[PDB]
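Residue numbers begin at 1 in each chain, while the letters A, B, ... track the order of the sequences. Start at 1 and go down the list; that is how both ligands and their atoms are numbered.
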Amino acid sequence: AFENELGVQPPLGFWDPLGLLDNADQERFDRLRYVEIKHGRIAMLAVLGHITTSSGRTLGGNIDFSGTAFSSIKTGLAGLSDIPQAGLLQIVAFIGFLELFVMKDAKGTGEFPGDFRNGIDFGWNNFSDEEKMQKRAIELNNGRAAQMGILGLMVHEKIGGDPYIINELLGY
Amino acid sequence: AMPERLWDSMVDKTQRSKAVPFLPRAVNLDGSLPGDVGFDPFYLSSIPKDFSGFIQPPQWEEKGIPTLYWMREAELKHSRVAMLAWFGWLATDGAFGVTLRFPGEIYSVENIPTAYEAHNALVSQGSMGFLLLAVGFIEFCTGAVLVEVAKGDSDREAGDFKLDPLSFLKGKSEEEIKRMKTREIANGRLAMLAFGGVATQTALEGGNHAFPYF
Amino acid sequence: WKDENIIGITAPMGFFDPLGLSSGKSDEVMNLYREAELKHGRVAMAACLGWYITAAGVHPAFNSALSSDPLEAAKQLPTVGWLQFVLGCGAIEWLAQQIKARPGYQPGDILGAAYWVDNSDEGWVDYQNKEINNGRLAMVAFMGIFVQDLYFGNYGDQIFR
Amino acid sequence: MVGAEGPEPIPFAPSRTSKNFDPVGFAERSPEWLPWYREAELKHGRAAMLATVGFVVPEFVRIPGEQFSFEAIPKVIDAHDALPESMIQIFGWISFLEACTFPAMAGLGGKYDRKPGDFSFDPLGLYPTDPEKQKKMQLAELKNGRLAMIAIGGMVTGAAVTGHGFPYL
Amino acid sequence: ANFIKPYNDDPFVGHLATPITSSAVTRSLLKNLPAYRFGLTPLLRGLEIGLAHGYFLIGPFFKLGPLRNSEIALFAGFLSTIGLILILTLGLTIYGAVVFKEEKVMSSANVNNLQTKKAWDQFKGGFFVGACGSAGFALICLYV
Ligand code: CLA
Ligand code: CLA
Ligand code: CLA
Ligand code: CLA
Ligand code: CLA
Ligand SMILES: CC(=O)O[C@H]1CC(C)(C)C(=C=C/C(C)=C/C=C/C(C)=C/C=C/C=C(C)/C=C/C=C(\C)C(=O)C[C@@]23O[C@]2(C)C[C@@H](O)CC3(C)C)[C@](C)(O)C1
Ligand SMILES: CC(=O)O[C@H]1CC(C)(C)C(=C=C/C(C)=C/C=C/C(C)=C/C=C/C=C(C)/C=C/C=C(\C)C(=O)C[C@@]23O[C@]2(C)C[C@@H](O)CC3(C)C)[C@](C)(O)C1
Ligand code: KC1
Ligand SMILES: CC1=C(/C=C/C(C)=C/C=C/C(C)=C/C=C/C=C(C)/C=C/C=C(C)/C=C/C2=C(C)CCCC2(C)C)C(C)(C)CCC1
């Protein structure tokens with residue numbers, strides 16, 4: 001049923017070990033696709049906002065009026081308590097306001113789950129149908145690989161000193 | 001697992017044991033033997049091995065004892081020894097009023113205060129070593145029969161020896177014999193656990209060596 | 001696949017598969033499972049044997065260490081002494097991929113014994129069960145002795161010694 | 001699911017029901033394990049019902065003896081580690097009862113005539129005559145056992161958190 | 001079970017099919033060695049072979065040499081690997097000059113065949129390039 005879709009490719013093939021798709025309709029799957037993409041779209045950006053801070057490139061000046069600085073705040077989970085409280089309240093209300101209104105398919109004319117384009121074509125018909133299925137799988141596989149990356153970066157920074165468990169070998 | 005299981009040739013999935021009604025009855029148990037309530041939760045009667053092999057090895061000739069038969073013969077001997085041993089352990093301790101001891105200084109109270117130290121004390125002396133030889137003669141003269149019954153050449157019941165010197169049972173109806181036989185078994189069973197009690201307590205850290213051993 | 005791959009089905013639990021990890025799966029993902037299981041057992045059987053010999057005292061080349069979680073993972077040098085070993089197992093894996101892309105191949109038959117036996121000689125089926133049943137007992141046993149040393153200090157026998 | 005009773009009208013607090021409760025499908029996958037599953041579910045429920053009241057009564061009663069007392073042990077959560085001479089002993093006698101259960105487990109399934117969980121244990125005589133009341137009777141044991149499995153997991157975990165008396169509040 | 005049968009179901013042929021002769025390890029291994037690999041120009045067949053031999057022939061000359069304990073221990077022996085390769089190549093030239101016969105008809109549909117005079121010459125020259133180059137490669141790898 002769902003064995004020939006975007007998301008199925010070598011080496012593993014159709015990889016359903018637990019068996020969630022043995023009793024899935026179209027509606028059951030379309031929820032699984034729509035959000036595994038969404039989990040990946042967070043994690044791919046969670047790689048980008050994260051590497052550039054541990055490499056040291058920080059925003060110029062102080063953060064606010066009252067004088068907290070971008071360079072003082074550490075990378076990882078320990079930097080969440082150095083940001084002010086009202087600074088965290090602006091970020092969460094942003095990503096709240098994001099998903100409530102503008103990450104949304106309001107016209108109902110989405111071609112697939114994960115489509116937020118809302119009927120304003122950006123050159124997607126420029127892509128041929130094979131090139132369409134290529135780019136949709138690259139986002140997903142980088143989505144799936146970044147999830148295990150950030151889950152790496154969160155667990156290794158809690159256990160060890162730096163998150164970069166792979167840069168730890170052969171000299172940091 | 002694809003052979004025919006061994007649980008079927010020795011478990012009889014039609015009836016249930018009187019003792020433990022949730023288990024099915026072992027195949028060799030019946031109501032035939034005295035003192036039987038179908039009690040075999042570990043299915044020991046059902047082991048298809050020849051336990052006469054211990055006396056004579058199976059490579060001597062074709063031969064086979066029933067497993068149930070060898071068990072009854074054991075249980076009677078375990079009963080008889082324990083009925084005398086529990087009784088003899090207390091009687092030399094003075095649990096029946098009189099401290100019953102053999103004549104002579106060596107078996108008196110001063111050399112052996114209670115029965116608990118009679119095994120180690122008599123073993124050094126030799127009286128223990130002598131009784132080992134005296135039992136040895138009887139066992140050898142009475143354990144050869146197990147072989148005969150295992151060759152099918154005898155119709156003797158388990159634990160049956162023509163030992164009735166006072167003629168308790170000559171001419172008794174099989175109902176009378178079976179009831180008497182059940183008494184050998186029920187009193188023997190209680191005395192197997194009585195001796196296991198007395199020998200255990202009397203050997204822990206506390207525990208006296210008086211008639212009551214608690 | 002369950003009815004054609006009888007190897008592994010024994011008396012304690014004829015085809016023990018609770019949780020339905022095996023229920024309604026294609027051959028290719030099933031054949032992966034058997035080839036994974038056989039590989040895990042083989043490594044664990046060789047690890048158990050290699051751990052007991054280093055534990056018992058006989059550790060021959062340079063006379064370094066008795067406890068063998070120190071010997072390997074803090075102590076043995078990362079740059080060469082681990083690089084080569086993993087490289088040497090990598091050439092065996094590469095060789096086994098050439099083994100797997102041939103006709104008439106079993107899930108775990110590197111030696112290619114199916115060229116002399118069709119799996120219907122019970123002695124062959126029976127002996128194979130010996131390898132895989134042991135392989136299974138070795139996977140749990142290596143995990144038991146690894147947790148025993150990762151957490152405690154004792155790395156030898158806790159049951160008999 | 002058919003024949004073997006147990007799924008009945010009790011609304012779950014998420015908007016689903018227990019009219020046929022098998023989310024991950026243990027009935028359709030390996031149904032040969034179904035007599036082992038019921039037999040497991042029972043023994044987990046029977047021991048949890050006894051251990052629930054087993055936490056009730058050692059607050060106010062305390063059977064005569066110096067070894068366990070309020071002055072000896074105030075916190076009944078600590079009766080486990082501070083009476084180990086009684087702990088191995090209860091463990092030893094349960095092993096005699098669990099050992100006579102093996103041959104019933106060895107033919108659990110179609111080979112032996114008995115239904116799982118069903119000891120021939122009725123001294124008092126309270127299991128009724130006909131199916132209408134008997135299936136209702138077996139069903140009341142299931143829910144009371146399941147209510148008691150989740151109960152003591154909340155009672156014992158509560159006492160480590162709160163460290164208080166019997167309703168924990 | 002039997003793990004030994006007549007090779008290619010020919011009982012009278014003088015060969016035995018054992019796990020040392022025809023097992024899955026020895027089949028896939030030998031089929032991927034350059035003297036038996038499908039899809040190789042006879043130059044390439046000789047190149048690879050030479051690339052793998054000149055590299056280890058280095059070792060016993062540099063270590064157990066007559067000048068092994070000198071400041072020119074690496075030079076002494078490298079030169080003597082080249083002299084060993086010159087003798088081996090010389091055995092390859094003469095072998096093919098006598099085993100194979102020149103072709104009359106320009107007819108040549110298999111230019112890939114190794115067991116011919118033209119290809120053996122290419123196979124011989126590839127051995128000499130790969131063995132002198134691998135002798136020079138670990139001259140760099142040991143100079144460290
Ligand atoms: C270990 C205890 C146990 C066992 C063996 C069973 C066994 C069974 N239950 Mg049951 N149940 C239990 C506890 C248990 N129950 C509890 C506590 C509740 C209350 C929530 C229920 C409520 C319940 C309902 C409402 C129904 C069943 C039904 C069934 C039967 C079919 C389902 C099945 O095969 O899955 C059981 C198979 C298992 C392998 C047991 C599951 C054990 C899992 C794998 C443990 C994993 C962790 C778990 C989620 C606990 C979370 C705690 C923490 C780790 C997060 C089967 C006889 C159905 C029935 O009667 O069918 C006729 C039915 O309708 N159960
Ligand atoms: C890598 C380990 C591994 C793998 C891949 C397998 C795979 C397999 N086993 Mg198997 N097995 C294992 C370990 C493994 N087993 C161990 C350690 C035991 C001893 C209990 C067994 C006992 C066993 C029996 C008796 C039988 C099989 C069978 C099978 C096959 C069918 C069942 C199935 O599809 O499960 C797929 C398995 C997996 C996808 C991997 C398991 C996933 C694990 C990680 C879940 C949790 C692990 C565990 C709970 C960790 C806690 C314990 C401890 C190690 C930490 C399948 C090829 C059956 C067979 O041979 O059919 C022909 C069969 O009858 N197995
Ligand atoms: C997972 C398997 C495993 C791993 C990772 C190691 C790792 C280690 N062992 Mg060890 N060992 C193993 C299994 C393993 N051992 C087994 C099964 C034995 C019994 C023969 C030994 C016997 C042993 C001794 C006595 C010593 C070590 C030592 C060592 C260290 C140096 C490597 C060495 O000299 O090995 C030596 C042994 C081998 C290289 C053989 C193991 C590999 C087997 C499976 C051979 C299979 C190869 C392959 C299948 C066949 C291809 C070639 C063949 C056809 C000719 C290193 C930490 C030393 C050490 O660190 O002590 C503290 C040491 O003194 N090994
Ligand atoms: C998951 C995303 C994520 C999260 C939670 C963080 C978290 C953090 N970053 Mg970081 N960062 C990330 C992604 C992330 N980063 C990316 C994407 C980049 C580069 C553009 C950086 C570059 C960066 C710098 C240069 C600095 C931080 C800093 C910080 C800290 C303070 C917050 C701040 O000023 O944000 C700064 C956020 C940005 C500069 C860019 C945010 C970009 C977001 C993720 C885009 C997603 C929403 C977007 C509108 C989606 C577009 C959809 C479109 C189709 C409409 C905090 C620990 C500061 C600090 O103290 O360092 C420790 C600091 O100086 N970050
Ligand atoms: C299981 C039975 C049993 C055993 C093994 C013993 C063993 C012992 N008793 Mg004892 N006793 C028993 C029953 C037993 N008693 C009974 C039932 C009584 C009371 C009637 C006594 C009364 C008694 C006294 C009064 C004394 C002992 C003493 C002793 C000790 C030394 C005796 C000695 O060396 O043998 C010497 C005795 C003999 C060699 C007698 C012959 C025994 C024959 C050979 C046994 C075979 C016949 C037997 C009845 C079976 C018949 C055949 C069978 C097929 C039916 C020794 C510890 C002495 C001691 O140290 O006290 C502390 C002591 O003074 N016993
Ligand atoms: C003189 C004077 O006045 O100057 C002072 C003023 C003042 C105010 C003091 C100053 C300051 C500090 C400022 C302005 C600091 C600003 C900080 C800022 C602006 C920080 C943004 C973070 C954005 C994040 C984390 C985005 C996360 C985005 C996330 C987590 C997502 O993944 C979004 C996701 O959406 C996708 C893509 C798709 C959806 O399907 C799923 C979701 C929704 C999950 C200065 C600079 O010092 C200057
Ligand atoms: C014009 C405008 O205004 O907007 C446009 C801008 C633009 C650019 C066109 C846009 C776009 C598309 C974008 C931005 C797409 C971005 C995609 C992105 C950023 C995809 C990352 C994947 C990362 C992965 C898979 C990492 C895995 C990493 C893993 C698994 C690791 O191993 C981590 C590892 O760390 C450990 C644990 C240890 C170390 O030993 C080793 C390393 C470090 C390796 C938008 C959205 O259209 C908006
Ligand atoms: C706790 C005590 C217990 C013992 C001591 C015991 C021992 C033996 N079991 Mg057994 N057993 C259980 C309990 C016990 N089994 C349980 C709970 C199950 C269900 C999981 C179970 C399942 C099977 C199957 C499926 C088979 C089996 C057999 C034998 C066999 C003879 C071997 C021989 O001598 O060949 C012996 C000694 C096999 C048979 O009869 O044929 C080969 C066979 O298939 N069992
Ligand atoms: C012992 C053993 C074994 C074996 C092994 C071996 C035998 C190996 C070998 C190896 C080798 C034997 C290697 C080789 C290598 C080589 C090389 C690495 C080369 C290189 C080269 C180069 C790179 C090039 C050169 C050049 C040229 C040609 C031209 C000019 C320029 C140059 C110089 C650049 C086994 C596994 C069985 C098992 C275990 C044991």
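- In this structure, atom 8 (C) of ligand 9 has no protein heavy-atom contact shorter than 4.0 Å.
- Heavy-atom separations between E/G136 and ligand 9 are all 4.0 Å or longer.
- The heavy atom nearest to atom 44 (C) of ligand 6, considering only A/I42, A/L100, A/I83, A/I37, is found in A/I42.
- Considering each of E/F56, E/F137, E/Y55, the one bringing a non-hydrogen atom nearest atom 13 (C) of ligand 9 is E/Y55.
- With hydrogens and angles ignored, the 3.5 Å screen pairs no side-chain donor or acceptor of D/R114 with any backbone N or O of D/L108.
- In this structure, D/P103 does not count as a contact residue of ligand 8, since none of its heavy atoms falls inside 4.0 Å of the ligand.
- Close approach of ligand 8 to C/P12 is summarised as follows: ligand atoms under 4.0 Å from at least one heavy atom of the residue are 20 (C).
- Comparing heavy-atom distances from atom 22 (C) of ligand 6 across A/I91, A/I95, A/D64, A/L45 singles out A/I91 as nearest.
- Contact annotation for atom 22 (C) of ligand 8: protein present (non-hydrogen atoms, distance under 4.0 Å).
- Ligand 8 has at least one atom lying under 4.0 Å from a heavy atom of B/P3.
- Note on B/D8 versus D/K111: salt bridge recorded, some NZ/NE/NH1/NH2 to OD/OE distance being below 4.0 Å.
- Heavy atoms of A/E99 come nearer than 4.0 angstrom to ligand 6 in at least one pair.
- Checking only distances, D/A106 never comes within under 3.5 Å of ligand 8, N or O to N or O.
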